[PDB]
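Remarks on the structure that follows.
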Amino acid sequence: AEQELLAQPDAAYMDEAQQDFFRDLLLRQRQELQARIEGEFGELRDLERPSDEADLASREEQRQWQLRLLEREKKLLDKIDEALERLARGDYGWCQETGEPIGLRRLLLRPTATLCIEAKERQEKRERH
């Protein structure tokens, strides 16, 4: 895998190559998410289909569930679009609190992540109080 290949470079963290890698990843996820949203939309235009009196009860509260997913989903898209821009500005891959590098492994599992590990530990530790 290119993942294998990538997880072998060194203090070349976020060079033109490494960046080009994640731009690919993100865009793929973007198109995937985009098309999945389009799904949950028509999946909604199926509860807008002519309603009946009896099935009205559950069908409404089912539409209620959809709208929250469709909402989570729609936001996730922006999260990606934001990271895709971070890449353009050349601010990608770096921890926002401390300019420190965000793990390459880390970024692989969540390309969308904005903090490095220890920053997250410290932010979760504040949350505890």
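Bear in mind that the values in this text are calculations on the coordinates, not laboratory data. Neighbour counts run over all protein chains shown; Cβ positions are idealised from the backbone, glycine included.
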Which of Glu97, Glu16, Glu53 moves the most in a Gaussian network model of the chain with Cα springs under 10 Å?
-> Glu53
Amide H neighbours of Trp94 under 5 Å, at least 5 residues apart or on other chains, H built in the peptide plane: list them.
-> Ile102
Which trypsin sites (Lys or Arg not before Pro) from region 13-87 combine a DSSP loop assignment with at most 10 other Cβ atoms within 10 Å?
-> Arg45
Got a sec? Charge dipole of the chain, +1 on Cβ for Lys and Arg, -1 for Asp and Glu; which of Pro9, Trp94, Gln31 is way out at the positive end?
-> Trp94
Here, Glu38 and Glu97, labelled 7 Å along Cα→Cβ, have an inter-label distance in nm of 3.9 nm
The chain, helix-only ellipticity at 222 nm - DSSP H runs n ≥ 4, -39,500 (n - 2.57), divided by all residues, nearest 500 = -21500 deg cm²/dmol
What size of dipole, in debye to the nearest 20, comes out for the chain about its Cα centre when the only charges are +1 on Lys and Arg C-beta atoms and -1 on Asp and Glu C-beta atoms?
-> 420 debye
